[PDB]
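*Asks:* Just one file: structure-v2.cif, with mmCIF, C-alpha atoms and all ligand atoms.
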```cif
data_work
#
loop_
_atom_site.label_atom_id
_atom_site.label_comp_id
_atom_site.auth_asym_id
_atom_site.auth_seq_id
_atom_site.Cartn_x
_atom_site.Cartn_y
_atom_site.Cartn_z
CA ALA A 321 91.76 141.55 72.55
CA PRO A 322 90.89 141.45 68.81
CA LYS A 323 90.07 144.77 67.08
CA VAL A 324 89.27 145.72 63.46
CA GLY A 325 91.87 147.32 61.21
CA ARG A 326 95.18 145.63 62.09
CA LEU A 327 97.83 144.88 59.47
CA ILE A 328 100.92 142.67 59.36
CA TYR A 329 103.88 145.01 58.81
CA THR A 330 107.13 143.72 57.32
CA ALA A 331 110.26 145.85 57.47
CA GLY A 332 113.65 145.41 55.90
CA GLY A 333 115.14 142.11 54.85
CA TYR A 334 117.70 140.74 52.43
CA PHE A 335 117.74 139.97 48.72
CA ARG A 336 121.11 140.59 47.06
CA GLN A 337 121.60 143.36 49.65
CA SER A 338 119.84 144.65 52.73
CA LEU A 339 116.48 146.24 52.00
CA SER A 340 114.59 149.35 53.07
CA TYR A 341 111.03 148.19 52.43
CA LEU A 342 108.12 148.73 54.78
CA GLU A 343 105.03 146.93 53.49
CA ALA A 344 101.82 146.01 55.28
CA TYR A 345 99.48 143.10 54.55
CA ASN A 346 95.77 143.20 55.35
CA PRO A 347 94.41 139.68 56.03
CA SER A 348 90.81 141.02 55.72
CA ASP A 349 91.21 141.87 51.99
CA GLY A 350 94.51 140.31 50.81
CA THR A 351 96.14 143.63 49.92
CA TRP A 352 99.65 144.94 50.47
CA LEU A 353 100.45 148.60 51.07
CA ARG A 354 103.84 150.10 50.35
CA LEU A 355 104.73 152.50 53.15
CA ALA A 356 107.65 154.78 53.94
CA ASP A 357 111.07 153.21 53.43
CA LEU A 358 113.37 152.72 56.38
CA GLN A 359 115.95 155.48 56.66
CA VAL A 360 118.78 152.90 56.52
CA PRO A 361 118.55 149.49 54.78
CA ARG A 362 118.68 146.59 57.22
CA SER A 363 118.50 142.77 57.21
CA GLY A 364 118.57 140.59 60.33
CA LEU A 365 116.49 143.09 62.31
CA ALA A 366 113.46 142.49 64.48
CA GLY A 367 110.16 144.29 64.69
CA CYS A 368 107.77 144.89 67.54
CA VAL A 369 104.97 147.23 68.57
CA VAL A 370 104.47 149.30 71.71
CA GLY A 371 101.64 151.82 72.11
CA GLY A 372 100.53 151.50 68.48
CA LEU A 373 104.05 152.36 67.24
CA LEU A 374 106.18 149.99 65.17
CA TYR A 375 109.84 149.61 66.07
CA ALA A 376 112.68 148.30 63.92
CA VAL A 377 115.58 147.07 66.05
CA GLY A 378 119.15 146.16 65.10
CA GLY A 379 120.19 144.28 61.99
CA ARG A 380 122.93 145.01 59.48
CA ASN A 381 123.23 147.01 56.29
CA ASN A 382 124.82 144.71 53.74
CA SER A 383 125.23 147.18 50.89
CA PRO A 384 127.39 147.47 47.76
CA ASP A 385 129.97 149.48 49.72
CA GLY A 386 130.05 147.83 53.14
CA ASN A 387 128.59 145.64 55.86
CA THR A 388 127.62 147.69 58.92
CA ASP A 389 125.99 146.10 61.96
CA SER A 390 123.22 148.23 63.43
CA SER A 391 122.68 149.47 66.96
CA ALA A 392 119.72 151.49 65.74
CA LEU A 393 116.19 151.70 67.05
CA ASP A 394 113.70 153.41 64.73
CA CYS A 395 110.02 154.04 65.24
CA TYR A 396 107.29 154.15 62.60
CA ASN A 397 104.00 155.90 63.30
CA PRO A 398 101.13 154.61 61.06
CA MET A 399 99.29 157.89 61.70
CA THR A 400 102.02 159.96 59.94
CA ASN A 401 103.71 157.35 57.71
CA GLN A 402 107.04 158.57 59.11
CA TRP A 403 110.03 156.88 60.71
CA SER A 404 111.79 158.60 63.63
CA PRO A 405 115.15 157.65 65.17
CA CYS A 406 115.22 156.62 68.83
CA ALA A 407 118.10 156.17 71.23
CA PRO A 408 120.50 153.47 70.01
CA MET A 409 121.35 150.25 71.77
CA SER A 410 124.66 149.88 73.59
CA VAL A 411 126.12 147.59 70.92
CA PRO A 412 125.34 146.65 67.29
CA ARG A 413 123.14 143.54 67.06
CA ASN A 414 122.67 141.76 63.74
CA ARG A 415 120.37 138.72 63.67
CA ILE A 416 118.71 139.97 66.83
CA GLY A 417 115.60 138.80 68.62
CA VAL A 418 113.21 141.10 70.46
CA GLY A 419 110.26 140.78 72.82
CA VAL A 420 108.02 143.23 74.65
CA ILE A 421 107.10 142.97 78.34
CA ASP A 422 104.81 145.58 79.90
CA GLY A 423 105.61 148.21 77.29
CA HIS A 424 109.38 147.68 77.32
CA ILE A 425 111.43 146.31 74.42
CA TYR A 426 114.04 143.65 75.15
CA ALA A 427 116.85 143.32 72.61
CA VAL A 428 118.44 139.89 72.82
CA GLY A 429 121.71 138.54 71.49
CA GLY A 430 122.81 139.00 67.89
CA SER A 431 126.24 139.49 66.34
CA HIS A 432 128.72 142.30 65.80
CA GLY A 433 131.37 141.10 63.39
CA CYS A 434 132.82 137.95 64.93
CA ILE A 435 131.36 138.81 68.37
CA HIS A 436 128.39 136.59 69.38
CA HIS A 437 126.39 138.35 72.08
CA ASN A 438 124.79 136.91 75.16
CA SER A 439 124.02 140.43 76.37
CA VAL A 440 120.45 141.71 76.64
CA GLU A 441 119.19 145.28 77.00
CA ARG A 442 115.81 146.87 77.68
CA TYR A 443 114.29 150.00 76.14
CA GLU A 444 111.90 152.37 77.91
CA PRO A 445 109.88 154.24 75.23
CA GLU A 446 108.60 157.12 77.34
CA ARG A 447 112.10 157.87 78.68
CA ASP A 448 113.85 156.97 75.37
CA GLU A 449 116.57 155.05 77.19
CA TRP A 450 118.19 151.64 76.95
CA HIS A 451 119.75 149.80 79.88
CA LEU A 452 121.50 146.44 80.06
CA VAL A 453 119.79 143.65 82.00
CA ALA A 454 121.13 140.24 82.94
CA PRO A 455 122.88 138.45 80.03
CA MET A 456 121.68 135.13 78.73
CA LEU A 457 123.40 131.93 79.76
CA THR A 458 124.24 131.28 76.09
CA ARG A 459 125.59 133.47 73.26
CA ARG A 460 122.82 133.41 70.60
CA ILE A 461 122.70 134.95 67.10
CA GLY A 462 119.71 134.27 64.93
CA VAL A 463 117.78 133.81 68.16
CA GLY A 464 114.01 133.56 68.32
CA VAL A 465 112.33 135.57 71.07
CA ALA A 466 108.78 135.63 72.39
CA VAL A 467 106.89 136.66 75.53
CA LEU A 468 104.19 134.73 77.34
CA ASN A 469 102.69 135.55 80.72
CA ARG A 470 105.24 138.36 81.24
CA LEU A 471 108.20 135.99 80.88
CA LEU A 472 110.76 136.35 78.03
CA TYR A 473 111.96 133.31 76.02
CA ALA A 474 115.13 133.06 73.91
CA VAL A 475 115.03 130.03 71.63
CA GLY A 476 117.75 128.41 69.54
CA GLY A 477 120.23 130.39 67.51
CA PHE A 478 123.92 130.05 66.72
CA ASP A 479 126.72 130.56 69.25
CA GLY A 480 129.42 131.11 66.64
CA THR A 481 130.37 127.42 66.47
CA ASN A 482 127.19 125.34 66.86
CA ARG A 483 123.55 125.90 66.06
CA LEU A 484 121.44 125.39 69.15
CA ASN A 485 118.42 123.42 70.28
CA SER A 486 118.64 124.99 73.73
CA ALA A 487 116.29 127.67 75.05
CA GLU A 488 116.12 129.87 78.14
CA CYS A 489 113.69 132.10 79.97
CA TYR A 490 114.11 135.51 81.63
CA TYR A 491 112.22 136.17 84.86
CA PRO A 492 112.02 139.97 85.17
CA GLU A 493 111.39 140.22 88.90
CA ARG A 494 114.59 138.23 89.51
CA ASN A 495 116.57 139.70 86.59
CA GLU A 496 117.64 136.15 85.93
CA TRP A 497 117.84 133.68 83.03
CA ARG A 498 117.21 129.96 83.48
CA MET A 499 117.44 127.23 80.88
CA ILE A 500 114.24 125.51 79.86
CA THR A 501 113.75 122.15 78.16
CA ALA A 502 115.70 121.97 74.91
CA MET A 503 113.84 121.76 71.63
CA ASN A 504 113.60 118.50 69.75
CA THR A 505 115.44 120.11 66.81
CA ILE A 506 118.47 122.37 66.48
CA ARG A 507 117.23 125.68 65.02
CA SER A 508 119.07 128.82 64.06
CA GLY A 509 116.97 131.49 62.42
CA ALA A 510 113.61 129.99 63.36
CA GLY A 511 110.47 132.06 63.62
CA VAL A 512 109.46 132.18 67.28
CA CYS A 513 106.14 133.46 68.60
CA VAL A 514 103.48 132.77 71.23
CA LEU A 515 100.02 131.36 70.68
CA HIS A 516 97.75 130.41 73.55
CA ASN A 517 99.97 128.93 76.31
CA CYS A 518 102.77 127.77 73.99
CA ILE A 519 106.02 129.13 72.49
CA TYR A 520 106.25 128.05 68.83
CA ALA A 521 109.48 127.58 66.89
CA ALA A 522 108.91 127.28 63.14
CA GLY A 523 111.55 126.45 60.59
CA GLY A 524 115.14 127.53 60.94
CA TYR A 525 118.49 126.00 60.09
CA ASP A 526 120.29 123.06 61.76
CA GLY A 527 123.68 123.72 60.10
CA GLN A 528 122.93 121.30 57.24
CA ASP A 529 119.36 122.06 56.11
CA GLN A 530 116.62 124.70 56.31
CA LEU A 531 113.61 123.16 58.09
CA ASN A 532 109.86 122.90 57.61
CA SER A 533 109.16 121.35 61.03
CA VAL A 534 107.41 123.32 63.76
CA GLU A 535 107.36 122.59 67.49
CA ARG A 536 105.79 124.22 70.50
CA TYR A 537 106.78 124.54 74.15
CA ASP A 538 103.95 124.26 76.67
CA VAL A 539 105.05 126.54 79.50
CA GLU A 540 103.14 124.50 82.09
CA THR A 541 104.14 120.95 81.08
CA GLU A 542 107.66 122.01 80.02
CA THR A 543 107.58 119.82 76.91
CA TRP A 544 108.20 120.53 73.24
CA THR A 545 105.77 118.87 70.79
CA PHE A 546 105.84 118.90 67.00
CA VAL A 547 102.80 120.25 65.20
CA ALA A 548 102.04 120.08 61.49
CA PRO A 549 105.01 121.17 59.37
CA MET A 550 104.97 124.22 57.11
CA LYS A 551 104.54 123.44 53.41
CA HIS A 552 107.81 125.25 52.65
CA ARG A 553 111.19 124.84 54.33
CA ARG A 554 112.53 128.19 55.43
CA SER A 555 115.05 129.90 57.74
CA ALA A 556 115.49 133.64 58.54
CA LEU A 557 111.68 133.87 58.25
CA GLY A 558 109.48 136.58 59.69
CA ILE A 559 106.68 135.52 62.02
CA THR A 560 103.74 137.00 63.85
CA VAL A 561 100.39 136.08 65.34
CA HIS A 562 97.11 137.64 64.31
CA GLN A 563 93.55 136.61 65.19
CA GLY A 564 94.70 133.36 66.75
CA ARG A 565 96.80 132.20 63.79
CA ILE A 566 100.54 132.17 63.08
CA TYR A 567 101.83 133.83 59.92
CA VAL A 568 105.30 133.04 58.54
CA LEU A 569 106.77 135.39 55.92
CA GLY A 570 109.58 134.74 53.48
CA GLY A 571 112.95 133.33 54.41
CA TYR A 572 115.63 131.36 52.62
CA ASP A 573 115.70 127.66 51.78
CA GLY A 574 119.08 127.26 50.04
CA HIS A 575 117.69 127.83 46.54
CA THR A 576 115.28 130.71 46.76
CA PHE A 577 114.56 133.82 48.76
CA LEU A 578 110.91 133.05 49.46
CA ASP A 579 107.91 135.32 48.88
CA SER A 580 105.66 132.65 50.42
CA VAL A 581 103.42 133.54 53.37
CA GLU A 582 101.81 130.63 55.26
CA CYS A 583 99.18 130.73 58.01
CA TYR A 584 98.79 128.16 60.79
CA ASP A 585 95.40 127.40 62.37
CA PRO A 586 95.96 125.65 65.74
CA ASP A 587 92.41 124.32 65.96
CA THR A 588 92.81 122.31 62.74
CA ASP A 589 96.61 121.91 63.02
CA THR A 590 96.97 122.95 59.39
CA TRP A 591 98.99 125.43 57.37
CA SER A 592 97.43 127.27 54.39
CA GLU A 593 99.02 129.54 51.75
CA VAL A 594 97.67 133.06 52.27
CA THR A 595 99.42 135.60 50.02
CA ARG A 596 102.83 136.25 48.58
CA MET A 597 105.04 139.17 49.54
CA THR A 598 105.73 141.60 46.72
CA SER A 599 109.22 140.09 46.34
CA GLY A 600 111.17 137.27 47.94
CA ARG A 601 113.37 138.17 50.88
CA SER A 602 114.78 136.84 54.15
CA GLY A 603 115.76 138.36 57.47
CA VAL A 604 112.75 140.69 57.84
CA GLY A 605 111.23 142.21 60.95
CA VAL A 606 107.49 141.74 61.45
CA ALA A 607 104.81 143.03 63.81
CA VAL A 608 101.10 143.86 63.91
CA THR A 609 99.52 147.26 64.59
CA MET A 610 96.62 149.42 63.35
CA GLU A 611 96.44 150.38 59.65
CA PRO A 612 98.03 153.69 58.52
CA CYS A 613 95.89 156.85 58.19
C1 LIG A 701 123.05 133.05 49.92
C2 LIG A 701 123.41 134.26 50.77
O1 LIG A 701 122.33 134.39 51.69
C3 LIG A 701 122.38 135.44 52.56
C4 LIG A 701 123.41 136.40 52.62
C5 LIG A 701 123.33 137.42 53.56
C6 LIG A 701 122.24 137.45 54.41
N1 LIG A 701 121.24 136.55 54.39
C7 LIG A 701 121.33 135.56 53.46
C8 LIG A 701 120.19 134.58 53.48
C9 LIG A 701 120.40 133.40 54.39
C10 LIG A 701 121.47 132.51 54.26
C11 LIG A 701 121.61 131.43 55.14
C12 LIG A 701 120.67 131.22 56.14
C13 LIG A 701 120.77 130.04 57.08
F1 LIG A 701 119.76 129.12 56.80
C14 LIG A 701 120.52 130.49 58.51
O2 LIG A 701 119.45 130.39 59.07
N2 LIG A 701 121.58 131.07 59.14
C15 LIG A 701 121.49 131.70 60.44
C16 LIG A 701 120.65 132.95 60.33
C17 LIG A 701 119.75 133.28 61.33
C18 LIG A 701 118.96 134.43 61.27
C19 LIG A 701 119.05 135.27 60.18
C20 LIG A 701 118.17 136.48 60.13
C21 LIG A 701 119.94 134.94 59.16
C22 LIG A 701 120.73 133.80 59.23
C23 LIG A 701 122.91 131.89 60.99
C24 LIG A 701 122.87 132.65 62.31
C25 LIG A 701 123.68 130.57 61.09
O3 LIG A 701 123.17 129.68 61.79
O4 LIG A 701 124.75 130.48 60.44
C26 LIG A 701 119.60 132.11 56.26
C27 LIG A 701 119.47 133.19 55.39
#
```
Show me, as C-alpha cells, the structure contained in the file I just sent.
Ligand SMILES: CCOc1cccnc1Cc1ccc([C@H](F)C(=O)N[C@H](c2ccc(C)cc2)[C@@H](C)C(=O)O)cc1

*Replies:*
Amino acid sequence: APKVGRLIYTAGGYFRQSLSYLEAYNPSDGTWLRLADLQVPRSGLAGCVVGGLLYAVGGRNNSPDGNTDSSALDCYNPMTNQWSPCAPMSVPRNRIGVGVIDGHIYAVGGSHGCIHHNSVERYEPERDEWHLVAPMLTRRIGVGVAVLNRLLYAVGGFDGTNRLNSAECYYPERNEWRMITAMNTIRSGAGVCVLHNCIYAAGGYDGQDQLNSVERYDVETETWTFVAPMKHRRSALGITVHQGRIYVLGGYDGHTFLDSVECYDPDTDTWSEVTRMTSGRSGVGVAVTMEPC
C-alpha cells in the first residue's frame, strides 16, 4: 500500500479572495513545490486522486469583481504539470465534500447561493460523465466526506440554519443513504478522513467557536470517541492521510488564516507540528499522489 515518492498536494483556498495555488509538500524532506496554478481561483473546493491524477472539484471564486459558485471539475497530471478541464457537475457546489469509491468520484452537498444541497452526483473518469445518485437525508454544506470499506460517509456540515453533529452513510449497492450515530460535537467545516477502521472528524465550527477537538467513528462498534485534540483550533481545514498519519492543513480560527500543518500519530495519540504552508489560507482541497516529473 505504501510507495516512495508521494506528496501532499494542496489546491486553492481563501485569503482575502479565492486562490489559484497548487503546492505540494514532501514529508520525506520537508520541502514545498509550487506547481501550475489552477485555471480559475477557487475556495471551498475538494481534492481527490484517481489513477494518479489529482482532481479539484467545486468551490467558489470569491474575487474582486464577483462571487461565482463552481460546478467545475479539473484534473492535474503530475507528469505534465498541467490542468485539464473535465465535464462539469450538474449544479455549482461551494463548500463541497468528495470521496472516491472504486475509481469514481462522489460530489456531496455544498451550496449555490442560498441553496443548500442534499444532492449527490458521481463522476466516471474514463467516460468523463457525471450522474446523480441518491440524495442525502440532510442538506449539508461544509460537509466532511470519507470512504472506508467501499462505503461513503457524509459528516456534519451546515443545513442553512443549524450546524450539524449528524452523519450518514451511502451504501452503493442499494443506492441508499442511512443515518449513522451522531458525533459528540456539532461540526461544520471539519476535516474528515479515514484511518484504519475509523472515520475521523477534526476541528470545524459549532456556530460559536472553531474547534480543536477530534473524534473518530468506529464503523464496527458505531461509536464516536474523542482522541487527542489538535494544538490549534481550526475550521475549513484541509486534511489527508499519508503513511498511517493524519495531516491537517491551514484553516481559520476567527483571528488568523492558519499556515499551520499538524500531523496525528494514532499509535501514540499525539499531534506534532510538521511544516507551515507558504501562506495562511482556509478552504483548500487536499490529496496525495506521486511527485511531479
Ligand atoms: C473572515 C472571512 O472569512 C472567510 C470569508 C470567505 C471565505 N472563507 C472565510 C474563512 C472562514 C470563515 C468562517 C468559517 C467558519 F468557521 C466555518 O467553518 N463555516 C462553515 C464553513 C465550512 C467549510 C468551509 C470550506 C468554509 C466555511 C460554514 C458552512 C458555516 O457553518 O457557516 C470558516 C472559514

*Asks:* Write out as a Markdown table a residue-level contact list of stretch 338-360 of chain A versus stretch 574-593 of chain A with cut-off 12 Å: for each qualifying residue the closest pair of atoms and the distance in Å to one decimal, counting all atoms listed in the file, rows sorted by chain and residue number upward.

*Replies:*
```
| residue | atom | partner | partner_atom | distance |
| --- | --- | --- | --- | --- |
| A:345 | CA | A:581 | CA | 10.4 |
| A:347 | CA | A:583 | CA | 10.3 |
| A:350 | CA | A:581 | CA | 11.5 |
```

*Asks:* Counting all atoms listed in the file, which of A:573, A:441, A:446, A:349 gets nearest to ligand LIG 701 (chain A)?

*Replies:*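 Closest residue, counting all atoms listed in the file: A:573.
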
*Asks:* Quick one, how far is atom CA of residue A:601 from atom CA of residue A:571?

*Replies:*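 Taking atom CA of residue A:601 as the start and atom CA of residue A:571 as the end point, the length is 6.0 Å.
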
*Asks:* Considering all atoms listed in the file, can you say which of A:517, A:458, A:528, A:390 comes closest to ligand LIG 701 (chain A)?

*Replies:*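 Smallest separation from ligand LIG 701 (chain A) among the options: A:528.
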
*Asks:* Give one line per residue of chain A that approaches ligand LIG 701 (chain A) to at most 6 Å, naming the two atoms of the closest pair and their distance in Å to one decimal, counting only C-alpha atoms and all ligand atoms; sort by chain then ascending residue number and deliver it as a Markdown table.

*Replies:*
```
| residue | atom | partner | partner_atom | distance |
| --- | --- | --- | --- | --- |
| A:334 | CA | A:LIG701 | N1 | 5.8 |
| A:364 | CA | A:LIG701 | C20 | 4.1 |
| A:415 | CA | A:LIG701 | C20 | 4.7 |
| A:461 | CA | A:LIG701 | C24 | 5.3 |
| A:462 | CA | A:LIG701 | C17 | 3.7 |
| A:478 | CA | A:LIG701 | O3 | 5.0 |
| A:483 | CA | A:LIG701 | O3 | 5.7 |
| A:508 | CA | A:LIG701 | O3 | 4.8 |
| A:509 | CA | A:LIG701 | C17 | 3.5 |
| A:524 | CA | A:LIG701 | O2 | 5.5 |
| A:525 | CA | A:LIG701 | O2 | 4.6 |
| A:530 | CA | A:LIG701 | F1 | 5.4 |
| A:555 | CA | A:LIG701 | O2 | 4.6 |
| A:556 | CA | A:LIG701 | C20 | 4.2 |
| A:572 | CA | A:LIG701 | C27 | 5.1 |
| A:602 | CA | A:LIG701 | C8 | 5.9 |
| A:603 | CA | A:LIG701 | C20 | 4.1 |
```

*Asks:* Could you check which of A:558, A:346, A:565, A:340 is closest to residue A:325, using only C-alpha atoms?

*Replies:*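 Looking only at the distances to residue A:325, the closest residue turns out to be A:346.
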
*Asks:* Restricting the calculation to all atoms listed in the file, which member of A:419, A:412, A:338, A:438 is positioned closest to residue A:381?

*Replies:*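 Of A:419, A:412, A:338, A:438, the one nearest residue A:381, counting all atoms listed in the file, is A:338.
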
*Asks:* Here is a test: counting all atoms listed in the file, which residue of A:475, A:423, A:554, A:485 is nearest to residue A:520?

*Replies:* A:475

*Asks:* Excluding residue A:466 and any residue of its chain fewer than 6 positions from it, enumerate the residues within 8 Å of it, using all atoms listed in the file, and give them as a list in words.

*Replies:* residues 418, 419, 420, 472, 473, 474, 512, 513, 514 and 519 of chain A

*Asks:* Around (118.9, 144.9, 77.2) in the file's own coordinates, what residues are found within 10 Å if you use all atoms listed in the file, given back as a PyMOL selection string?

*Replies:* chain A and resi 409-411+418+424-429+439-443+450-455

*Asks:* Would you work out the distance separating atom CA of residue A:328 from atom CA of residue A:548, expressed in Å to one decimal?

*Replies:* 22.7 Å

*Asks:* Smallest atom-to-atom distance to residue A:463: which of A:537, A:366, A:388, A:433, using only C-alpha atoms?

*Replies:*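 Among the listed residues, the smallest separation from residue A:463 belongs to A:366.
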
*Asks:* Please compute the atom CA of residue A:566-atom CA of residue A:333 distance, one decimal, in Å.

*Replies:* 19.5 Å
